[PDB]
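Undergrad: Below you'll find the sequence and an experimental structure to go with it.
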Amino acid sequence: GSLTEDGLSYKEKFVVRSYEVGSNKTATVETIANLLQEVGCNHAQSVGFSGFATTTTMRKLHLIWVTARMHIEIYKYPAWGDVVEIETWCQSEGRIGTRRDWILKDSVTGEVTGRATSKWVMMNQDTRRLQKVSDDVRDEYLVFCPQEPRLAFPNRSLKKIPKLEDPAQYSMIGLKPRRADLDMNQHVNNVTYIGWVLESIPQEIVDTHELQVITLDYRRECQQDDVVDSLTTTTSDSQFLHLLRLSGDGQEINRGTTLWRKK
Ligand SMILES: CC(=O)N1CCSc2ccccc2C1
């Protein structure tokens, strides 16, 4: 891929690979989330960042970007073989943090086959303590963002997610991350959590429906040595509320909604 003409967004294409697709020979949503991360990481490279996207000042202060929310809407999943073009860019949301967005297109048709957004926040790597953004860093990244609004989602991506009340309708328990689920920093990839959420979706559903939407608030990181319970309940198309929590204490690590359409 590369930066667009104006250097305020990044474009890249991906060929969907054998092991990337689900049972209907189209890309799994995990494959997608992976591709957003990947193009995101190249956008950050192309402009001289680190996958924490750190600046000089940030590295100095031990600060990091971390995802607070991740929101994906898919209209059509690409097929094994198909080429998908993904464009991505960031904007600031003042001192709250930044937003990254992606547009997914068919490289053939040029039609929008999906879109994503995400909320990133500034955090002390060591203390896990969030801080608001100083003006000095709000000067380092701004030159890589458009100043005029550009919204993938101009609203479902912004609705507030409630906490699932016991008993949950479905559940998958005793999930734990293996080494493939850890990143280059030995942190559980944010894609893993997506995978875990959807373990408590009944197979019946996965077979009759395509996933349309997924929203996901991140609350706590799952450690290598932790174990997670995945809970789901129907709130209805078909809709679900979700909760990931520590198997033992019941400490929450994620919450999220899905939306599925008949085929
Ligand atoms: C959220 C995020 O991706 N970043 C922080 C906010 S700006 C930015 C702009 C271009 C490339 C990479 C970044 C890193």
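TA: Cool, got the structure. Numbers count the residues shown, from 1 in each chain.
Undergrad: quick one: terminal-to-terminal distance for stretch 40-59?
TA: 19 Å (Cα to Cα, to the nearest Å).
Undergrad: tell me which residues of the host helix or strand of residue 117 are tucked away?
TA: Residue 117 belongs to strand 112-124 when assigned by DSSP states H and E. Neighbour counts over strand 112-124 (16 or more other Cβ atoms under 10 Å) mark 113, 114, 115, 116, 117, 118, 119, 120, 121, 122, 123 as buried. The C-beta positions use only the backbone N, C-alpha and C, and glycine is treated the same way.
Undergrad: Now do the helix or strand just after it: everything it contacts.
TA: Next helix or strand after strand 112-124 toward the C-terminus (DSSP H and E): strand 170-175. Strand 170-175 is touched from outside by 196, 199-202, 227-233, 247, with contacts defined as Cβ atoms under 8 Å, 6 or more residues apart in numbering.
Undergrad: Any buried residues in strand 170-175, and which?
TA: 170, 172, 175.
Undergrad: Report the separation between the second one and the ligand.
TA: So the one you mean is residue 172. 30 Å (Cβ to the nearest ligand atom, to the nearest Å).
Undergrad: So that residue versus residue 37, what's the distance?
TA: 23 Å (Cβ to Cβ, to the nearest Å).
Undergrad: residues touching the closest residue to the ligand within the stretch 151-263 of the chain, list them.
TA: Nearest residue of the stretch 151-263 of the chain to the ligand, counting by Cβ to the nearest ligand atom: residue 190, 12.7 Å away. Residue 190 sits next to 33, 37, 67, 70, 218 when contact means Cβ under 8 Å, 6+ apart.
Undergrad: what's across from the last one in the sheet?
TA: Just to be clear, that refers to residue 218. Residue 218 forms beta bridges with residue 254, as assigned by DSSP bridges.
Undergrad: go on, the one 10 residues further on?
TA: With DSSP bridges as the criterion, residue 228 is bridged to residue 175, residue 246.
Undergrad: what residues does this structure put near the ligand?
TA: Counting by Cβ under 6 Å from any ligand atom, the chain comes close to the ligand at 40, 43-44, 47, 49, 53, 65, 90, 98, 100, 120, 141, 144-145.
Undergrad: Turn those into CSV, including secondary structure and distance to residue 23.
TA: CSV is the format used below for the residues of the chain next to the ligand (DSSP: H, G, I helix; E, B strand; the rest coil; distance: Cβ to Cβ, whole Å):
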residue, secondary structure, distance to residue 23
40, helix, 27
43, helix, 32
44, helix, 33
47, coil, 38
49, coil, 37
53, coil, 35
65, strand, 35
90, strand, 34
98, strand, 36
100, strand, 30
120, strand, 33
141, coil, 40
144, helix, 39
145, coil, 39
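Undergrad: Now the two most distant members of those residues.
TA: Farthest apart among those by Cβ to Cβ are 47 and 120. That separation is 15.3 Å.
Undergrad: what residues are up against the nearest residue to residue 144 once chain neighbours are set aside?
TA: Nearest non-adjacent residue to residue 144, counting by Cβ to Cβ, 6 or more residues apart in numbering: residue 47, 5.0 Å away. If you count contacts by Cβ under 8 Å, 6+ apart, residue 47 has them with 3, 7, 144.
Undergrad: from those residues, which would you call buried?
TA: 3, 144.
Undergrad: Columns distance to residue 109 on top of the contacts of residue 47, output as CSV?
TA: Converted to CSV, those look like this (distance: Cβ to Cβ, whole Å):
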residue, distance to residue 109
3, 24
7, 27
144, 30
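Undergrad: which among the contacts of residue 47 gets closest to the ligand?
TA: residue 144 (3.7 Å).
Undergrad: Could you measure from the closest one over to residue 207?
TA: Residue 144 sits 43 Å away from residue 207, going by Cβ to Cβ.
Undergrad: How about residue 95?
TA: 46 Å.
Undergrad: same question, residue 91
TA: 38 Å.
Undergrad: Between those two, point out the one with more neighbours.
TA: residue 91 (18 against 10; other Cβ atoms under 10 Å).
Undergrad: The more buried one pairs with what?
TA: Counting by DSSP bridges, the residues bridging with residue 91 are residue 99.
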